[PDB]
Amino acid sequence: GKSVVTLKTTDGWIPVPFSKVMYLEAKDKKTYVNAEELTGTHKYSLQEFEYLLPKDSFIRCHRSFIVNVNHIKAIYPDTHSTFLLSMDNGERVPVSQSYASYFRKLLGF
């Protein structure tokens, strides 16, 4: 199918393998692709990325986030209705109340 996402940087564009994408974030009306070594902008929506990203690795976990389960370090029940994801590079990502069942069902816990 496809195996790289092209992030927009200030001067050029950087092809990043899917394997190096940690998460994607909808923020300030754009999609930010957060890769291990850089961050950049993409024109596709999170809805479009859900179609194109491999469903074995990537999961919509919040209206504003797609996470790569291979960069998840730990999953915490931060409150009674949500999760908080500890990423391998120290970042955190929320699983919202509205995605929390889908998230845990798909991940099998």
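One-based numbering along the sequence shown.
Fill in: Stretch with the greater mean C-alpha B-factor as recorded in the entry, comparing 86-94 against 7-15
The entry gives the higher C-alpha B-factor average to 7-15.
Worksheet item: Hey, what third does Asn68 fall into on Cα B-factor, ranked over its chain?
Response: Lowest third of the chain for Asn68's C-alpha B-factor.
Fill in: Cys61, C-alpha B-factor rank within chain (lowest, middle or highest third)
Its C-alpha B-factor belongs to the lowest third of this chain's values.
Item to complete: Ordered by C-alpha B-factor within the chain, which third holds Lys105? Give me lowest, middle or highest, please.
Response: CA B-factor rank for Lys105: highest third.
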